[PDB]
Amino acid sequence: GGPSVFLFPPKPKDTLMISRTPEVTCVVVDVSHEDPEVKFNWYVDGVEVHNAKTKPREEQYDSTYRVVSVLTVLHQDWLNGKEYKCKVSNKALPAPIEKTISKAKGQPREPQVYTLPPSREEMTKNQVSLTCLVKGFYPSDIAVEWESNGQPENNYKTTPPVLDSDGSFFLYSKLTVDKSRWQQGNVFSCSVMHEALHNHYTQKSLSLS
């Protein structure tokens, strides 16, 4: 019946592209209305840093408080495997709560990416499903997307990562499209982002090949 801490890692795409801003997020929920102050302490690989920011309190419609501190991290810092220790302390907790996080420990492995067109059998339907297999990559932090003529493809679900026989991972990403398009000749591309790829980005094509 006190505060609980949650520490989330940066978004897969955020660490892979310098363009992006990789952030680490520490959340503090159930902060006694009585004593609503939270003190965050950030340690990068043991060393305490300070450039963290804390987004304003938010009355947890049950009068408790929700407090969040966001720490910007350097890409090559997270990819190089440093640990992020977020120490949260509050006037109502004996000792502070600590939660550390980091990139999965393991030798990175490049993801082969193959595109597979819809089954003839599936053509009886009006909607068709395009398949993008992405096997043999480590760690599992990866981003898979679809686009057609530049513009991104909306309708698509990706199966979570699955641990393959050889310590590696893999998954599929199913982009659904009006058969109409698939038959016309439109071209769709599956793009994959992961640190073990050249430029952290490969892109494979798929159409009425």
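Note that residue numbering begins at 1 and tracks the sequence as displayed.
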For 179 to 187 versus 29 to 37, entry-based mean Cα B-factors point to 29 to 37
Mean C-alpha B-factor comparison - 135 to 143 and 99 to 107, higher one:
99 to 107
Given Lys82, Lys85, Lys125, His75, the residue at which the Cα B factor reaches its maximum:
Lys125
Comparing recorded Cα B-factors across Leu163, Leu171, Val47, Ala52, which one is largest?
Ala52
State the tercile, meaning the lowest, middle or highest third, of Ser89 with respect to the CA B-factors recorded for its chain.
highest
Could you tell me which third, lowest, middle or highest, the C-alpha B-factor of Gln203 occupies within its chain?
middle
Looking at the C-alpha B-factor of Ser69, is it in the lowest, middle or highest third of its chain?
middle
